[PDB]
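S.K.: Dropping in data.txt, with compact mmCIF, C-alpha atoms.
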```
# COMPACT_ATOMS: atom_id res chain seq x y z
CA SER G 1 0.00 0.00 0.00
CA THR G 2 0.87 3.67 -0.22
CA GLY G 3 -0.53 7.02 0.85
CA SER G 4 -0.07 10.58 -0.38
CA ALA G 5 -1.35 13.73 1.33
CA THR G 6 -0.85 17.41 0.73
CA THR G 7 0.59 19.45 3.59
CA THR G 8 -0.23 23.16 3.77
CA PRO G 9 1.43 26.03 5.70
CA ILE G 10 -0.76 27.35 8.50
CA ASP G 11 0.19 30.98 7.84
CA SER G 12 2.21 33.27 5.57
CA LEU G 13 5.44 32.51 7.45
CA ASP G 14 5.33 28.70 7.21
CA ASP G 15 5.23 28.54 11.01
CA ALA G 16 3.97 24.96 10.72
CA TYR G 17 2.24 22.70 8.22
CA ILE G 18 -1.09 20.88 8.49
CA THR G 19 -2.11 17.67 6.75
CA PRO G 20 -5.68 16.32 6.69
CA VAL G 21 -6.17 13.01 8.51
CA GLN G 22 -9.31 10.85 8.56
CA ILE G 23 -10.15 9.39 11.96
CA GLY G 24 -13.00 7.05 12.80
CA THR G 25 -16.12 5.75 11.09
CA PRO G 26 -17.68 7.73 9.52
CA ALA G 27 -14.49 9.69 8.93
CA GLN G 28 -13.81 12.77 11.01
CA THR G 29 -11.19 14.85 9.20
CA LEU G 30 -8.75 16.76 11.41
CA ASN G 31 -5.79 18.86 10.27
CA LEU G 32 -2.74 17.53 12.08
CA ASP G 33 0.84 18.75 12.41
CA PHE G 34 3.03 15.88 11.20
CA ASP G 35 6.00 15.89 13.57
CA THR G 36 9.10 13.77 12.92
CA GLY G 37 10.38 14.97 16.32
CA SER G 38 7.73 13.25 18.46
CA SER G 39 5.81 10.00 18.57
CA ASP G 40 2.25 10.69 19.78
CA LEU G 41 -0.83 11.06 17.59
CA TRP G 42 -3.01 13.33 19.71
CA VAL G 43 -6.10 15.37 18.88
CA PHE G 44 -8.39 18.03 20.20
CA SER G 45 -11.52 16.16 21.14
CA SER G 46 -14.96 16.23 22.76
CA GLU G 47 -13.04 15.55 26.00
CA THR G 48 -10.85 18.67 25.78
CA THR G 49 -11.59 21.25 28.49
CA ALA G 50 -14.04 23.57 26.76
CA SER G 51 -12.18 26.77 27.70
CA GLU G 52 -9.07 25.38 25.97
CA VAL G 53 -10.77 24.87 22.58
CA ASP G 54 -10.88 27.97 20.36
CA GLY G 55 -11.75 27.12 16.76
CA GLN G 56 -10.11 23.70 16.36
CA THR G 57 -11.94 20.78 14.84
CA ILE G 58 -12.49 18.09 17.45
CA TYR G 59 -12.55 14.31 17.34
CA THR G 60 -15.67 12.89 19.01
CA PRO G 61 -15.02 9.19 19.72
CA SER G 62 -18.64 8.56 20.71
CA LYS G 63 -19.62 9.28 17.09
CA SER G 64 -17.16 6.73 15.65
CA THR G 65 -18.42 3.16 15.40
CA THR G 66 -14.82 1.89 15.29
CA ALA G 67 -13.53 3.82 18.33
CA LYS G 68 -12.64 1.81 21.42
CA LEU G 69 -11.42 3.19 24.72
CA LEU G 70 -7.95 1.87 25.46
CA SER G 71 -8.75 1.08 29.06
CA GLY G 72 -6.46 2.61 31.67
CA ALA G 73 -4.21 4.34 29.16
CA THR G 74 -3.15 7.95 29.64
CA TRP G 75 -0.65 10.21 27.93
CA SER G 76 1.14 13.45 28.73
CA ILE G 77 3.68 15.22 26.58
CA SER G 78 5.83 18.34 26.78
CA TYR G 79 7.49 19.82 23.72
CA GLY G 80 10.72 21.73 23.26
CA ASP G 81 8.85 25.02 22.91
CA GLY G 82 7.36 24.57 26.38
CA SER G 83 3.88 23.56 25.18
CA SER G 84 2.12 20.47 26.48
CA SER G 85 -1.01 18.34 26.35
CA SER G 86 -2.42 15.25 28.06
CA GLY G 87 -5.42 12.96 28.16
CA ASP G 88 -6.69 9.44 27.57
CA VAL G 89 -6.54 7.08 24.60
CA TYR G 90 -8.80 5.42 22.05
CA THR G 91 -7.98 3.05 19.25
CA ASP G 92 -9.62 3.83 15.92
CA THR G 93 -9.15 3.69 12.18
CA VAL G 94 -6.84 6.40 10.86
CA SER G 95 -6.22 7.18 7.20
CA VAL G 96 -3.67 9.52 5.64
CA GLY G 97 -3.83 10.19 1.93
CA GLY G 98 -5.56 6.89 1.22
CA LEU G 99 -3.38 4.76 3.54
CA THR G 100 -5.41 3.18 6.35
CA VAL G 101 -4.30 1.82 9.73
CA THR G 102 -6.82 0.04 11.92
CA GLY G 103 -6.34 0.02 15.67
CA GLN G 104 -4.21 3.17 15.73
CA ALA G 105 -3.82 4.79 19.14
CA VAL G 106 -5.59 8.16 18.96
CA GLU G 107 -4.65 10.15 22.05
CA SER G 108 -7.58 12.34 23.07
CA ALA G 109 -6.64 15.60 24.77
CA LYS G 110 -8.29 16.44 28.04
CA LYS G 111 -5.93 19.40 28.54
CA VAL G 112 -3.80 21.46 26.17
CA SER G 113 -1.49 24.37 26.94
CA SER G 114 -2.21 27.92 25.85
CA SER G 115 -0.16 27.87 22.65
CA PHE G 116 -2.26 24.99 21.32
CA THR G 117 -5.52 26.72 22.24
CA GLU G 118 -4.33 29.93 20.60
CA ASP G 119 -3.59 28.20 17.29
CA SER G 120 -6.97 27.48 15.74
CA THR G 121 -5.42 25.89 12.63
CA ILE G 122 -3.80 22.84 14.29
CA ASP G 123 -6.21 20.15 15.47
CA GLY G 124 -3.47 17.93 16.92
CA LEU G 125 -0.17 16.27 16.13
CA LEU G 126 0.80 13.11 14.28
CA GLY G 127 4.16 11.91 15.55
CA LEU G 128 6.61 10.30 13.14
CA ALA G 129 9.70 9.84 15.33
CA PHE G 130 10.47 6.40 16.75
CA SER G 131 7.82 4.70 18.86
CA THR G 132 10.20 4.47 21.82
CA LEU G 133 9.29 8.13 22.50
CA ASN G 134 5.53 7.52 22.66
CA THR G 135 4.17 8.73 26.00
CA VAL G 136 1.18 6.41 26.48
CA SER G 137 1.21 4.68 29.86
CA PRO G 138 1.18 1.94 31.03
CA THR G 139 1.37 0.38 27.55
CA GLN G 140 3.40 2.38 25.05
CA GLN G 141 1.79 2.72 21.63
CA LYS G 142 3.13 2.71 18.07
CA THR G 143 3.17 5.60 15.63
CA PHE G 144 1.04 5.64 12.51
CA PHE G 145 4.14 4.91 10.42
CA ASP G 146 5.20 2.01 12.64
CA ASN G 147 1.72 0.48 12.37
CA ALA G 148 1.59 0.98 8.59
CA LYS G 149 5.16 -0.05 7.82
CA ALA G 150 4.65 -3.75 7.14
CA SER G 151 1.82 -3.02 4.68
CA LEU G 152 3.72 -0.35 2.74
CA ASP G 153 5.28 -1.10 -0.64
CA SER G 154 8.55 0.18 0.85
CA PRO G 155 9.12 1.00 4.55
CA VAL G 156 9.58 4.73 4.00
CA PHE G 157 7.87 8.06 4.17
CA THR G 158 8.94 11.30 2.54
CA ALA G 159 8.58 14.96 3.47
CA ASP G 160 8.43 17.53 0.66
CA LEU G 161 7.59 20.79 2.42
CA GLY G 162 6.89 23.92 0.40
CA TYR G 163 8.26 27.42 0.84
CA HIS G 164 5.18 29.61 1.19
CA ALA G 165 3.29 26.87 -0.67
CA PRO G 166 1.77 23.41 -0.15
CA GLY G 167 3.89 20.29 -0.25
CA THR G 168 3.46 16.54 0.18
CA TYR G 169 3.89 13.69 2.65
CA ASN G 170 4.12 10.31 0.91
CA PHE G 171 4.05 6.92 2.60
CA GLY G 172 5.42 3.75 1.08
CA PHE G 173 7.08 5.08 -2.08
CA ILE G 174 9.61 7.61 -3.34
CA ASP G 175 8.22 9.95 -6.02
CA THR G 176 11.18 10.18 -8.39
CA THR G 177 9.59 13.21 -10.11
CA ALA G 178 9.63 15.26 -6.89
CA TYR G 179 13.37 15.99 -6.69
CA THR G 180 16.35 16.80 -8.89
CA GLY G 181 19.61 14.91 -9.08
CA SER G 182 20.10 11.98 -6.72
CA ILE G 183 19.13 11.29 -3.12
CA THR G 184 22.08 11.15 -0.73
CA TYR G 185 21.51 8.80 2.18
CA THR G 186 23.14 9.23 5.56
CA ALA G 187 23.25 7.21 8.76
CA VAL G 188 20.70 7.62 11.56
CA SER G 189 21.04 7.01 15.29
CA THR G 190 17.79 6.02 16.98
CA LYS G 191 19.35 6.10 20.46
CA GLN G 192 17.39 9.23 21.48
CA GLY G 193 14.25 8.22 19.59
CA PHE G 194 14.79 10.84 16.85
CA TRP G 195 15.78 10.84 13.20
CA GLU G 196 19.25 11.87 14.33
CA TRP G 197 22.03 12.26 11.79
CA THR G 198 25.33 14.10 11.27
CA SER G 199 25.66 16.88 8.72
CA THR G 200 29.11 17.20 7.16
CA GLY G 201 29.33 20.99 7.39
CA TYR G 202 28.02 24.29 6.15
CA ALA G 203 28.56 27.38 4.04
CA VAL G 204 27.21 30.92 4.34
CA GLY G 205 26.15 32.54 1.08
CA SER G 206 28.83 32.18 -1.57
CA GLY G 207 31.46 31.45 1.08
CA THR G 208 33.66 28.41 1.28
CA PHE G 209 32.28 25.21 2.75
CA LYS G 210 33.40 24.43 6.30
CA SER G 211 33.79 20.69 6.86
CA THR G 212 32.63 19.97 10.40
CA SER G 213 30.34 17.33 11.90
CA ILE G 214 26.99 18.68 13.13
CA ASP G 215 24.82 16.10 14.89
CA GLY G 216 21.14 17.00 14.84
CA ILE G 217 17.59 15.81 14.22
CA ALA G 218 15.34 16.05 11.18
CA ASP G 219 12.26 17.57 12.81
CA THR G 220 9.27 18.61 10.72
CA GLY G 221 7.53 19.82 13.87
CA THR G 222 10.09 22.56 14.57
CA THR G 223 9.79 25.74 12.50
CA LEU G 224 13.39 26.98 12.48
CA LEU G 225 16.94 25.73 12.02
CA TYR G 226 18.79 25.49 15.36
CA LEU G 227 22.57 25.06 15.09
CA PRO G 228 25.66 25.59 17.26
CA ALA G 229 26.34 29.16 18.31
CA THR G 230 29.56 29.29 16.29
CA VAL G 231 27.74 28.42 13.05
CA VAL G 232 24.85 30.79 13.74
CA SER G 233 27.21 33.68 14.56
CA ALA G 234 29.09 33.08 11.30
CA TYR G 235 25.79 33.27 9.40
CA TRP G 236 24.42 36.45 11.00
CA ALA G 237 27.78 38.22 10.79
CA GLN G 238 27.10 38.41 7.04
CA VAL G 239 23.91 40.46 7.58
CA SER G 240 24.46 44.16 8.31
CA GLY G 241 22.77 45.13 11.56
CA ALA G 242 21.87 41.61 12.66
CA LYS G 243 22.24 40.94 16.36
CA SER G 244 21.20 38.49 19.03
CA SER G 245 18.47 40.01 21.21
CA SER G 246 17.93 38.54 24.67
CA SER G 247 14.63 40.44 24.94
CA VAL G 248 13.25 39.06 21.67
CA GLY G 249 14.75 35.60 22.19
CA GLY G 250 17.19 35.19 19.33
CA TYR G 251 18.81 36.75 16.31
CA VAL G 252 16.98 39.62 14.67
CA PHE G 253 17.93 41.56 11.58
CA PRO G 254 16.80 44.67 9.70
CA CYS G 255 13.72 43.87 7.64
CA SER G 256 15.38 45.85 4.82
CA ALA G 257 18.14 43.24 4.53
CA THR G 258 18.63 40.72 1.73
CA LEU G 259 19.63 37.51 3.49
CA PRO G 260 22.40 35.20 2.27
CA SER G 261 21.72 31.55 1.60
CA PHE G 262 22.85 28.81 3.99
CA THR G 263 24.21 25.47 2.76
CA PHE G 264 24.37 22.28 4.82
CA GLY G 265 26.24 19.10 3.96
CA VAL G 266 24.73 15.64 3.57
CA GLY G 267 27.71 13.39 2.99
CA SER G 268 29.43 14.84 -0.04
CA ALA G 269 26.18 16.48 -1.21
CA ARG G 270 24.95 19.98 -0.42
CA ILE G 271 21.49 21.39 0.31
CA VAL G 272 21.10 25.14 -0.25
CA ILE G 273 18.57 27.06 1.83
CA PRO G 274 17.77 30.31 -0.04
CA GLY G 275 18.08 33.48 1.99
CA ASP G 276 14.37 34.22 1.73
CA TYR G 277 13.60 30.99 3.63
CA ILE G 278 15.42 32.47 6.65
CA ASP G 279 13.15 35.55 6.93
CA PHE G 280 10.44 35.13 9.59
CA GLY G 281 9.15 38.67 9.33
CA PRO G 282 8.63 41.48 11.80
CA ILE G 283 9.08 40.62 15.46
CA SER G 284 5.80 42.43 16.15
CA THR G 285 3.31 43.94 13.75
CA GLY G 286 4.78 46.96 11.99
CA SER G 287 8.30 46.53 13.35
CA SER G 288 11.31 46.95 11.08
CA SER G 289 13.18 44.32 13.10
CA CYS G 290 12.73 40.88 11.58
CA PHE G 291 13.16 37.48 13.23
CA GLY G 292 15.81 35.13 11.91
CA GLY G 293 15.16 31.58 10.74
CA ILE G 294 18.55 30.28 11.88
CA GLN G 295 18.97 30.38 15.66
CA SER G 296 21.36 29.00 18.24
CA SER G 297 20.75 25.56 19.72
CA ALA G 298 22.97 26.37 22.70
CA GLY G 299 20.02 26.37 25.12
CA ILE G 300 18.33 23.26 23.67
CA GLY G 301 20.87 20.46 24.06
CA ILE G 302 20.44 19.26 20.46
CA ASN G 303 20.73 20.74 16.99
CA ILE G 304 17.45 20.78 15.08
CA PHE G 305 17.05 20.66 11.29
CA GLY G 306 13.54 22.07 11.36
CA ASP G 307 11.29 23.23 8.55
CA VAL G 308 13.66 26.02 7.39
CA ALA G 309 16.19 23.33 6.45
CA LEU G 310 13.87 20.50 5.47
CA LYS G 311 11.74 22.62 3.09
CA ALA G 312 14.86 23.16 0.94
CA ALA G 313 15.02 19.40 0.30
CA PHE G 314 13.13 16.28 -0.60
CA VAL G 315 13.63 14.19 2.53
CA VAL G 316 13.36 10.40 2.79
CA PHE G 317 12.70 8.88 6.20
CA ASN G 318 13.80 5.30 5.58
CA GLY G 319 12.35 2.97 8.20
CA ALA G 320 14.15 -0.15 7.04
CA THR G 321 15.62 -2.44 9.70
CA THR G 322 18.56 -0.05 9.89
CA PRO G 323 16.92 3.37 9.41
CA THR G 324 18.59 6.05 7.30
CA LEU G 325 17.76 9.54 6.03
CA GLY G 326 17.93 10.69 2.43
CA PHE G 327 18.17 14.24 1.14
CA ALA G 328 17.82 15.51 -2.42
CA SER G 329 17.64 18.99 -3.89
CA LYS G 330 14.37 19.90 -5.62
```
So, in terms of structure tokens, how does the structure I just supplied come out?
M.R.:
Amino acid sequence: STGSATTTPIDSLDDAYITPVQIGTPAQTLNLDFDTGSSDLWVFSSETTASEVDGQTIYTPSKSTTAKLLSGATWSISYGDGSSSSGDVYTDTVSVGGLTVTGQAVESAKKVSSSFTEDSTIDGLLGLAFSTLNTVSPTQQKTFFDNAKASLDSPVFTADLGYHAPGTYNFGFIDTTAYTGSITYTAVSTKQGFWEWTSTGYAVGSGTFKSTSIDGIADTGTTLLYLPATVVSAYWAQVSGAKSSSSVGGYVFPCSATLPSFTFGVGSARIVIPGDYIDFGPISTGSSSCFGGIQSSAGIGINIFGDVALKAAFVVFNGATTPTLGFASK
């Protein structure tokens, strides 16, 4: 089997991407944030505290003839941005782009933190990291990809995120028309539960490539590119007037600037992020200070190849017995 679904930016900045997902019988379609940095499929629901729902579409398990309470199971998750959610668990039929999994754990939110409430466009998350990170207790549950894997034509999914435009998540096949050149594959460590890999270096604009190992995670659920402070300083030093602002929370730059590109290495191959992809717009409405799309990971503990990086590439998440990642230009 295969599936193919379009993923759409939630706003004009590509702050996140939503993909329609069919849950239950009859189908209830929710727009979920596909997140290769976590491993829970959770949704706003009829159980979510009413004051914490503000415009999201909810899953109502009582209206699904295939929903079953997973007795005793609870979940609770906290994300790197400080947001969180928790609740109980149903199993139900879940379909993405024509690919159907029966008995998928659908984690129903009883509580969500303010940033989820405040974002009316995201009805929940669909985790695509390794199932060892799934938070369901006392019986950990598998991701949608893990449950689908054995049925897929090939044990892979691909992320093809758009810049200011829709893109595609495919399951079970590699669309050879969706990228240019060849796909370069690179080793993955699953030891932390992430799609963790080592970039071979970077360049800023037309500058020379610096060969240096940068361990980080391919994370579709993180907006920006978070890299070591040395790398980030070298980037922003090429932008007149750019500075790190403790009060704003990262590097800012004059909105009048033209940003240089940023290149990252994948083995001997190179992925070029155009400068425009690094512009996240005014820090507040009407400001001439703009927020940068490349930020320091120093306070995180891990480097994160988020959407800013991934949207410059066609990315293969290879879930073979030994997982690997593939990157191609497009």
S.K.: Here is a test: counting all atoms listed in the file, which residue of G:215, G:13, G:306, G:311 is nearest to residue 283 (chain G)?
M.R.: G:13
S.K.: In Å, rounded to a single decimal, give me how far CA of residue 296 (chain G) is from CA of residue 317 (chain G).
M.R.: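 Separation of CA of residue 317 (chain G) and CA of residue 296 (chain G): 25.0 Å.
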S.K.: I'd like the neighbourhood of residue 52 (chain G) as a VMD selection string, where a residue qualifies if any of its atoms comes within 12 Å (using all atoms listed in the file), though same-chain residues fewer than 6 positions away should be ignored.
M.R.: chain G and resid 44 to 46 58 85 109 to 120
S.K.: To one decimal place, how far is CA of residue 227 (chain G) from CA of residue 267 (chain G) in Å?
M.R.: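 Distance reported for this atom pair: 17.6 Å.
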S.K.: Provide the CA of residue 123 (chain G) to CA of residue 293 (chain G) distance in Å, to one decimal place.
M.R.: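 We find that CA of residue 123 (chain G) and CA of residue 293 (chain G) lie 24.7 Å from each other.
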S.K.: What are the nearest atom pairs, with distances in Å to one decimal, for all residues of region 90-137 of chain G that come at most 9 Å from region 147-154 of chain G, using only C-alpha atoms, set out by chain and rising residue number as a Markdown table?
M.R.:
```
| residue | atom | partner | partner_atom | distance |
| --- | --- | --- | --- | --- |
| G:99 | CA | G:148 | CA | 8.0 |
| G:100 | CA | G:148 | CA | 7.7 |
| G:101 | CA | G:148 | CA | 6.1 |
| G:102 | CA | G:147 | CA | 8.6 |
| G:103 | CA | G:147 | CA | 8.7 |
| G:104 | CA | G:147 | CA | 7.3 |
```
S.K.: Given 5 Å of margin on each side, can you work out the centre and size in Å (one decimal) of an axis-aligned box holding every listed atom of region 34-46 of chain G, as JSON?
M.R.:
```
{"center_x": -2.3, "center_y": 14.0, "center_z": 17.0, "size_x": 35.3, "size_y": 18.0, "size_z": 21.6}
```
S.K.: Counting all atoms listed in the file, which residues sit no farther than 6 Å from the position (-1.0, 17.7, 8.3) in the file's frame? I'd like them as a compact mmCIF listing (two decimals) with C-alpha atoms, keeping the file's coordinate frame.
M.R.:
```txt
# COMPACT_ATOMS: atom_id res chain seq x y z
CA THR G 7 0.59 19.45 3.59
CA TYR G 17 2.24 22.70 8.22
CA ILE G 18 -1.09 20.88 8.49
CA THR G 19 -2.11 17.67 6.75
CA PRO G 20 -5.68 16.32 6.69
CA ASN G 31 -5.79 18.86 10.27
CA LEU G 32 -2.74 17.53 12.08
CA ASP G 33 0.84 18.75 12.41
CA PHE G 34 3.03 15.88 11.20
```
S.K.: So, with all atoms listed in the file as the atoms that count, which of G:237, G:313, G:161, G:27 lies closest to residue 65 (chain G)?
M.R.: G:27
S.K.: When distances are computed from only C-alpha atoms, which of G:38, G:223, G:139, G:186 shows the smallest separation from residue 280 (chain G)?
M.R.: G:223
S.K.: Skipping near chain neighbours, those fewer than 2 positions away, what residues fall within 9 Å of residue 74 (chain G) using only C-alpha atoms, listed as a ChimeraX atom specification?
M.R.: /G:70-72,76,86-89,107,135-138
